[PDB]
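J.:
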Amino acid sequence: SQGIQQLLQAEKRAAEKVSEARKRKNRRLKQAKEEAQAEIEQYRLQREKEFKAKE
Amino acid sequence: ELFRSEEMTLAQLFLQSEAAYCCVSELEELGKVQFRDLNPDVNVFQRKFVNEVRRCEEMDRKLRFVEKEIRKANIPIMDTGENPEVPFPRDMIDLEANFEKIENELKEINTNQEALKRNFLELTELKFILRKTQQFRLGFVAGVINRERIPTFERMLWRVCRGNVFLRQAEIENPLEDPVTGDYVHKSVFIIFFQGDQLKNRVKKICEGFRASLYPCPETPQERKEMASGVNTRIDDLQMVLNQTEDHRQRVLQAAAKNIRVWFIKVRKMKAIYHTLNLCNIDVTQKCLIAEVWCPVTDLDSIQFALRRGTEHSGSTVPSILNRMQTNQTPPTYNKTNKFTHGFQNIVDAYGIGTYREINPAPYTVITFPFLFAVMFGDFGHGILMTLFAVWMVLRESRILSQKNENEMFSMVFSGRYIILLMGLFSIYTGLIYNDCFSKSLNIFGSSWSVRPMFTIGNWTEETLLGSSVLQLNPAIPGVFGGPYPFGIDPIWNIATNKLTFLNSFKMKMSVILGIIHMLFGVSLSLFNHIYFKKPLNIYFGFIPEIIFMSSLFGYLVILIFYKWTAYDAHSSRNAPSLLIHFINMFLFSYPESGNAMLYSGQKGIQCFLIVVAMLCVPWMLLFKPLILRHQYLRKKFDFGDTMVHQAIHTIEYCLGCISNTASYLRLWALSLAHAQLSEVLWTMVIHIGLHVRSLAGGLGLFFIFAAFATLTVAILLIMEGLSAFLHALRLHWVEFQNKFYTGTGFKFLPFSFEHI
Amino acid sequence: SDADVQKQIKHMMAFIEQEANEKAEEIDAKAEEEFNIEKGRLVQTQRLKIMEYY
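Residue numbers (UniProt numbering), protein chains in the order written: chain S, 5 to 59; chain E, 3 to 138, 167 to 667, 712 to 831; chain Y, 4 to 57.
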């Protein structure tokens with residue numbers, strides 16, 4: 005029956021599209037340990053400036 | 003319309019998997035629908051909903067357990083109202099916890115009732131033991175035993191404690207109730223005295239041997255009195271806790287008796303839905319569902335509305351559409367029923383289930399079965415008895431519907447009550463026209479027969495002299511005879527010695543005529559069946575040569591019978607021809623040119639023409655039907715061999731089988747003669763003996779003789795020959811009527827429904 | 004007959020792929036929370052070493 009045959013293709017595409025979204029978002033999730041460093045340097049610079057003020 | 007199998011269609015359903023549970027629920031609530039299986043891999047561990055169905059099977063086993071425990075307590079189950087299904091989410095977890103709660107609470111409250119009731123009895127026995135024992167190293171025991179065991183008990187004590195036991199006993203002020211069985215037992219207290227533990231072991235072993243119970247008691251009257259005040263306090267505390275335990279038991283059992291109705295409905299609806307969902311097909315990439323169903327043609331829209339409601343009762347938006355299928359397998363078979371027609375349909379379905387749109391035998395059966403039966407059963411006396419029985423069951427209907435069903439015989443005859451009434455009523459009708467009540471006439475009919483003065487006319491007048499000395503025959507000649515007669519059988523034919531010759535001529539010819547008529551109706555129903563299937567070949571090469579074969583034999587046989595009954599009379603009786611001999615001579619093309627005369631002018635030519643035309647019909651049924659069918663399936667580019719074998723066997727039955735079936739209807743006559751003569755002898759050597767020349771002896775004799783007659787008449791005729799005529803009337807009906815037209819091959823309509831809960 | 008089936012089949016085909024896109028947006032919402040958590044863990048780890056040093 006051509007009805008369920010067309011639906012089976014959209015169900016396959018739906019199961020692919022959610023899994024592609026998981027893969028793209030997992031690649032962004034792995035970047036979190038790199039994007040963290042610029043904030044860590046600002047905390048270092050803040051404590052350096054405060055330390056110089058205490059000196 | 004109910005003369006044929008009701009119209010249906012197969013449909014294909016597109017189902018979203020969240021709507022699907024609610025969709026199936028609404029379809030089973032509607033209950034007009036039967037699913038087609040699309041999952042050949044279905045099995046206990048392979049069915050898509052393994053855990054959900056397995057969990058529903060366990061909840062049904064748990065339901066049966068809690069219901070049985072409430073029924074063991076004699077508490078009535080609620081047995082009223084109706085409820086919705088459980089939602090698709092895992093709310094079954096709380097229902098399983100409710101079954102575990104009721105199971106544990108039932109096991110707990112059984113344990114607590116037994117423990118408190120057992121302790122209450124044990125303390126009551128201890129009260130009676132102390133009351134008697136208060137009247138009295168050293169050692170002693172005291173206890174309780176059934177009073178009838180005492181003589182063997184004291185003898186055995188004196189055997190084991192050789193020649194030396196001081197003891198006493200007394201009966202308790204009332205018998206005591208058994209904690210398990212509720213029996214009341216005439217127990218007696220006893221006390222036994224000795225020295226040392228060696229004798230304690232012997233007396234205790236014998237107490238256990240007689241199933242007696244020992245209890246601890248103090249060494250002095252003063253301490254026994256203090257212990258008795260303790261026991262009185264304990265019995266009142268035990269009674270208080272026993273009353274509280276009964277109040278808690280009543281709460282638990284009555285709460286369960288209410289809940290069991292709701293839980294039965296919920297578990298049955300869930301099991302049904304999940305079982306029906308396993309019939310769906312699921313491919314490797316699939317997330318939605320596809321299914322198919324058969325439904326009545328009137329309700330293919332009703333299933334689509336049930337699907338729409340199933341979606342609307344769910345979070346999913348998909349309306350769940352369907353289409354009407356074209357390349358269909360043969361749909362299931364159904365017809366409507368009511369109080370009267372239900373029994374008549376059951377006796378059809380038990381013999382076979384029609385093909386789709388096939389003629390239904392049941393509407394014709396409503397009369398035809400009662401008619402064949404009443405021809406077999408046509409005694410006016412038994413007609414009254416059968417009517418009174420069936421009327422009693424109909425009048426008491428609303429009472430009998432509340433009574434026991436475990437008597438399957440009583441339930442079966444009550445389920446037959448309306449069909450049994452109609453066959454009984456027709457047995458009055460046939461009994462009146464046959465003019466037989468208990469092998470006696472009704473005097474309401476006039477006389478065709480001749481009074482003695484009619485013989486004085488010189489013609490046969492020796493009757494008037496010979497009748498004073500010897501047996502004599504009425505010749506029925508004109509001027510002597512009363513002429514044509516408008517009533518049933520003349521009353522004279524019950525008292526006459528030759529009656530059975532005349533009455534068998536009637537029942538024999540009647541059985542032939544009715545059988546011929548029913549076969550002619552059966553082929554006429556075959557035409558309607560072939561018209562309803564719209565098949566030209568089945569009519570033209572089937573029905574036409576079939577009815578011409580039948581009519582060319584049967585019409586002549588009936589014409590001859592009716593002609594003799596019009597053209598011949600008493601003065602023509604000498605050298606009158608034989609009907610059966612003319613029929614066989616016709617069939618054989620063999621009038622003997624001698625002896626019995628021809629019945630009418632040109633008859634030899636007519637006989638030859640009729641049998642030749644019948645014999646010319648047979649080849650069309652045998653071969654021309656198969657050959658035209660072969661050319662049709664060869665042009666459309712089916713086996714000719716199998717078709718020829720099937721159609722050959724069918725044609726033999728449609729021809730030579732129908733000749734034999736004319737004789738098969740002689741079962742009518744046969745059963746009627748047996749019934750009549752069984753009744754005759756039961757009169758002749760019972761009722762006749764009760765008549766006597768004195769009032770007291772006659773009245774007493776008649777009472778007992780007729781009571782014996784009634785008992786035998788019921789057992790032999792109303793029960794046993796009743797069942798015989800019932801089955802034979804149906805035999806003729808199922809075979810030598812229905813086999814002409816009812817194909818009786820098909821699936822029973824068994825819709826998936828909550829109405830089976 | 005078949006045209007209304009084809010319309011509802013097209014709607015069911017769109018519906019299941021729309022459900023996959025809704026699940027991809029749930030994956031996005033989960034992934035940005037987990038990203039902010041893992042970024043925050045490393046920030047606070049070196050920020051603590053920085054605070055202790057100074």
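A virtual CB, placed ideally from N, CA and C, is assigned to each residue, including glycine.
Which residue's Cα is closest to the Cα of E:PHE444: E:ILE458, E:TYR459, E:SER428, E:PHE456?
T.: Here the question's residue 444 of chain E lines up with position 414 in the second sequence. With respect to the C-alpha of E:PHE444, the residue from E:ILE458, E:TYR459, E:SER428, E:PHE456 having the closest C-alpha is E:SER428.
J.: On the three-pair Cβ rule with 8 Å, is the segment 570-584 of chain E touching the segment 540-560 of chain E?
T.: Yes: the two stretches touch, three or more of their Cβ pairs being nearer than 8 Å.
J.: Suppose contacts are defined by Cβ-Cβ distances below 8 Å. Is E:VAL174 in contact with E:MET300 by that definition?
T.: Against the second sequence, residue 174 of chain E aligns to sequence position 144. Against the second sequence, residue 300 of chain E aligns to sequence position 270. Not a contact, by the Cβ cut-off of 8 Å.
J.: If you reduce the DSSP assignment to three classes, tell me which class E:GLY173 lands in.
T.: As a position in the second sequence, residue 173 of chain E is number 143, starting the count at 1. Of the three classes helix, strand and coil, the one that applies to E:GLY173 here is strand, per DSSP.
J.: Below 7 Å on C-beta distance, what does Y:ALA34 contact in chain S?
T.: Mapped onto the third sequence, residue 34 of chain Y falls at position 31. Chain S residues near Y:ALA34: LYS29, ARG32, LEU33.
J.: With DSSP run on the structure shown, which of helix, strand or coil describes E:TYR214?
T.: The sequence position of residue 214 of chain E within the second sequence is 184, counting from 1. Secondary structure at E:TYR214: strand, using DSSP grouped into helix, strand and coil.
J.: At 4 residues or longer, what runs of the alpha helix (DSSP H) sit wholly inside the segment 422-483 of chain E?
T.: Within the segment 422-483 of chain E, the complete alpha helix (DSSP H) runs of at least 4 residues are 427-430, 438-445, 447-463.
J.: Roughly how many angstroms separate the alpha carbons of E:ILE222 and E:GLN199, rounded to a whole number?
T.: The residue labelled residue 222 of chain E in the question sits at position 192 within the second sequence. The residue labelled residue 199 of chain E in the question sits at position 169 within the second sequence. Using only the alpha carbons, I get a separation of about 9 Å.
J.: With DSSP collapsed to three states, give me the class of E:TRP324.
T.: Position 294 of the second sequence holds residue 324 of chain E. Of the three classes helix, strand and coil, the one that applies to E:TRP324 here is strand, per DSSP.
J.: Would you verify that the beta carbon of S:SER5 is, or is not, closer than 8 Å to some beta carbon of chain E?
T.: Here residue 5 of chain S refers to the residue found at position 1 of the first sequence. With 8 Å as the cut-off, S:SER5 counts as an interface residue toward chain E.
J.: Between which two residues does the beta strand (DSSP E) harbouring E:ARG189 extend?
T.: Sequence index remark: in the second sequence, residue 189 of chain E carries index 159 (1-based). That residue, E:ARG189, is in no beta strand (DSSP E); its alpha helix (DSSP H) goes 180-190.
J.: If you follow the beta strand (DSSP E) that E:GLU201 is in, where does it begin and where does it stop?
T.: Residue numbering aside, residue 201 of chain E sits at position 171 when the second sequence is read from its first letter. Residue range 196-201 is occupied by the beta strand (DSSP E) that includes E:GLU201.
J.: Look at the Cβ atom of E:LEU659, then the Cβ atom of E:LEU583, and state whether they are nearer than 8 Å.
T.: The count along the second sequence starts at 1 and reaches residue 659 of chain E at position 629. The count along the second sequence starts at 1 and reaches residue 583 of chain E at position 553. No Cβ-Cβ contact shorter than 8 Å links E:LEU659 with E:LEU583.
J.: Just to confirm the assignment: which complete alpha helix (DSSP H) runs, minimum length 4, are found wholly within the segment 739-823 of chain E?
T.: 741-758, 769-787, 796-808
J.: For S:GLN9, which beta-bridge partners are listed by DSSP?
T.: Residue mapping note: residue 9 of chain S aligns to position 5 of the first sequence, counting from 1. In DSSP, S:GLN9 forms no bridge with anything.
J.: Taking the beta strand (DSSP E) that E:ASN353 belongs to, which residues open and close that run?
T.: Residue mapping note: residue 353 of chain E aligns to position 323 of the second sequence, counting from 1. In this chain, the beta strand (DSSP E) harbouring E:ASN353 covers 352-354.
J.: Going by DSSP, what residue range makes up the alpha helix (DSSP H) through E:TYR245?
T.: If you number the second sequence from 1, residue 245 of chain E lands on position 215. From DSSP, E:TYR245 is part of no alpha helix (DSSP H) but of the beta strand (DSSP E) over 243-245.
J.: In the DSSP output, which residue or residues are listed as bridge partners for E:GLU207?
T.: Within the second sequence, residue 207 of chain E is the residue found at index 177, counting from 1. Note: E:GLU207 sits in a beta bridge opposite E:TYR214.
J.: Using only the alpha-carbon positions, how far apart do E:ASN204 and E:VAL421 sit?
T.: On the second sequence, position 174 is the one that residue 204 of chain E refers to. On the second sequence, position 391 is the one that residue 421 of chain E refers to. Within the model, the alpha-carbon separation for E:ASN204 versus E:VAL421 is close to 54 Å.
J.: I'd like to know whether the C-beta of E:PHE335 is nearer than 8 Å to at least one C-beta of chain Y.
T.: Within the second sequence, residue 335 of chain E is the residue found at index 305, counting from 1. No - not a single Cβ of chain Y is within 8 Å of the one on E:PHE335.
J.: For E:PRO361, which residues of its own chain have a beta-carbon under 7 Å away from its beta-carbon, when the five flanking residues on both sides are left out?
T.: Looking up residue 361 of chain E in the second sequence gives position 331. Scanning its chain for C-beta atoms nearer than 7 Å, with the 5 sequence neighbours on each side dropped, one finds around E:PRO361 the residues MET10, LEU12, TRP324, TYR386, in chain order.
J.: List the residues of chain S whose Cβ lies closer than 7 Å to the Cβ of E:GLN14, in chain order.
T.: Your numbering for residue 14 of chain E matches position 12 in the second sequence. The contacting residues are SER5.
J.: May I ask which residues mark the beginning and end of the beta strand (DSSP E) holding E:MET580?
T.: Position 550 of the second sequence, counted from the start, is the residue given in the question as residue 580 of chain E. E:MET580 -> not in any beta strand (DSSP E); alpha helix (DSSP H) instead, spanning 574-597.
J.: Less than 8 Å between the C-beta atoms of E:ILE104 and E:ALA286, yes or no?
T.: By 1-based counting over the second sequence, the position of residue 104 of chain E is 102. By 1-based counting over the second sequence, the position of residue 286 of chain E is 256. Between E:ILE104 and E:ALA286, the C-beta gap is smaller than 8 Å, which places the two residues in contact.
J.: Of all the CB atoms in chain S, is at least one closer than 8 Å to the CB of E:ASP379?
T.: As a first step, residue 379 of chain E must be located in the second sequence, where it is residue number 349. For E:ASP379, the nearest beta carbon of chain S is not closer than 8 Å to its own beta carbon.
J.: Checking the sheet assignment: what are the DSSP bridge partners for E:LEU12?
T.: Counting from one through the second sequence, the residue named residue 12 of chain E turns up at place 10. Paired residue(s): E:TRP324.
J.: Counting contacts by CB-CB distance shorter than 8 Å, is residue 64 of chain S in contact with chain Y?
T.: This structure cannot settle anything about residue 64 of chain S, because the visible part of chain S is limited to 5 through 59.
J.: Need the endpoints of the alpha helix (DSSP H) that E:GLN284 sits in, please.
T.: The residue given as residue 284 of chain E occupies position 254 in the second sequence. It spans 251-307 - the alpha helix (DSSP H) in which E:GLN284 sits, taken as one unbroken run.
J.: Quick check on the burial criterion: 16 or more other C-beta atoms within 10 angstroms. Buried or exposed for E:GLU54?
T.: Start at 1 with the first residue of the second sequence, and residue 54 of chain E comes out as number 52. Buried.
J.: Could you check which residue in E:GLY476, E:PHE617, E:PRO391 has the C-alpha nearest to that of E:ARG6?
T.: Here the question's residue 6 of chain E lines up with position 4 in the second sequence. Checking every option, the nearest Cα to that of E:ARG6 belongs to E:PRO391.
J.: What separation, rounded to the nearest whole angstrom, lies between the Cα atoms of E:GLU727 and E:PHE783?
T.: For the purposes of this step, residue 727 of chain E is taken as the residue at position 653 of the second sequence. For the purposes of this step, residue 783 of chain E is taken as the residue at position 709 of the second sequence. Between E:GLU727 and E:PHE783, the C-alpha separation is close to 45 Å.
J.: If you draw a straight line from the C-alpha of E:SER478 to the C-alpha of E:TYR562, how long is it?
T.: The sequence position of residue 478 of chain E within the second sequence is 448, counting from 1. The sequence position of residue 562 of chain E within the second sequence is 532, counting from 1. Answer to the nearest angstrom: the Cα atoms are 50 Å apart.
J.: Which class does E:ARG133 belong to by DSSP, given the choice of helix, strand or coil?
T.: Residue mapping note: residue 133 of chain E aligns to position 131 of the second sequence, counting from 1. Residue state, collapsed to three classes: helix.
J.: Helix, strand or coil for E:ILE221? Go by DSSP, reduced to three states.
T.: Your numbering for residue 221 of chain E matches position 191 in the second sequence. It is a strand residue.
J.: Counting contacts by CB-CB distance shorter than 8 Å, is E:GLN316 in contact with chain S?
T.: On the second sequence, residue 316 of chain E is found 286 positions in, with the first residue counted as 1. Chain S, which has a Cβ nearer than 8 Å to the Cβ of E:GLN316, makes this yes.
J.: Grab me the residues of E:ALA302's own chain with a C-beta within less than 6 Å of its C-beta, minus the 5 sequence neighbours each way, in chain order.
T.: Sequence index remark: in the second sequence, residue 302 of chain E carries index 272 (1-based). Answer for E:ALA302: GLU30, listed in chain order.
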